[PDB]
Structure formats: C-alpha cells, structure tokens
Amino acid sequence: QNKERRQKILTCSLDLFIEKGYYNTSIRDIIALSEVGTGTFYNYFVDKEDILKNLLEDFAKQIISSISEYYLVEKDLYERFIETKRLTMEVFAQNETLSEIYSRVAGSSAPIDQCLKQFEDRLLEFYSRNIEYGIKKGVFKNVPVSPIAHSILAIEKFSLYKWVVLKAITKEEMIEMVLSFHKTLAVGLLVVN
C-alpha cells in the first residue's frame, strides 16, 4: 500500500518530467497530479531530487537483478560478458521515458549530477565486481578494472542517448553497436599480441 502510493508518485513525476521538462516541473505539479496530498507526499519525498534518486535506485536495482538472475543459469563468463550488455540495453528500453530523462539531464546542475553519480557509481561498482571475477577465473586479463567499467557504462550511455534522444539510430542498431563493441573488446583490436 506504501508500494502503490510510492509508485503512483514516481509514475506521475516521470510523466511530468517528460511533458514539461525536469526543471520546469514543481513538487506542486507532482502532488496535484499524484493526488496523494501534500502531507503524505512528504512521508516519501522531500523534493524532486529525492524523486529522481528513487527512480534511479529502482532502475539500478532492476539492471543488477536481471544480470544476477541470469548468472544463476549461464556460467560461461564470455557468454555472460556479451549477453549481459543486451540485457542491460533491454532494461533501458523497458524504461524508455526514464532512459530519456537520464539521457537529457546529465551535466545540467550539481544536485542532479550528484543523483546521476550515485546511480552510475552503483553500476560501475557492480561492473567492476564482475570484471574482477573474470580476472580471478583466468578468463580476463589482469588489467586495471575501473577503465573497463567506465567504458561499458560510457558506450551504453552514449548509444542510449543516440537512440532515445537523437533518434539517430534504431533500438536494434543500438543493441548491435553495443554488442559488437564488447565482442571486439573481448577478442582485442590488435591482430597480434
């Protein structure tokens, strides 16, 4: 019941962010469209940034649990390396309107960048754990991990932006690009080493 209401406020907030723009949307607009009352709203959120953190927490959680669930059945670490990128790209697509907001508000102001930083740091740490595991199991080379986690995040962010914001590529083209890059990263660009 706390779940329903929390969810109603988040869906309405997302819709208003898409329709009016994140900065042009007020807590007033959200409370009015949510209809939960000013007092109940504050049992959950203090302002817009609290709403954005909560939207992105749920998002990170869905990405990380989809991957972790897949790990229970597929054990080949290379198969995991590729397919987890497709999985992630599909979570983005299931949350299209949020992917859009994520892709539009980066670098806009320090409080919003602080929110995106918590979301991104969480994904980066997870990606690091999984790369570390592969190094330990002799499948991946023992290289610095943080640059690799950042490269995964970066291409995912950039290709999402080109699909959902620029409309310059299709969902399919975005998925293909991302998988192709991870394949090449895995096998290595150099012919000889």
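Note that residue numbering follows the sequence shown and begins at 1.
> Do the C-alpha atoms of 37-45 or of 131-139 have the higher average B factor in the entry?
It is 37-45 that shows the higher mean C-alpha B-factor.
> Please compare 28-36 with 162-170 and name the stretch with the higher mean C-alpha B-factor in the deposited structure.
The stretch with the larger average C-alpha B-factor is 28-36.
> Using the B-factors in the PDB entry, rank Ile175's C-alpha atom against the chain and give the third, lowest, middle or highest.
Middle third of the chain for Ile175's C-alpha B-factor.
> In terms of the chain's CA B-factor thirds, is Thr88 lowest, middle or highest?
Bottom third by C-alpha B-factor.
> Taking only the Cα B-factors deposited for this chain, tell me whether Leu16 sits in the lowest, middle or highest third.
Middle third.
> When the deposited Cα B-factors of this chain's modelled residues are ordered and cut into thirds, is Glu120 in the lowest, the middle or the highest one?
It belongs to the lowest third of the chain when residues are ordered by C-alpha B-factor.
> Sorting the chain's modelled residues by C-alpha B-factor, tell me whether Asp113 ends up in the lowest, middle or highest third.
It falls in the middle third of the chain.
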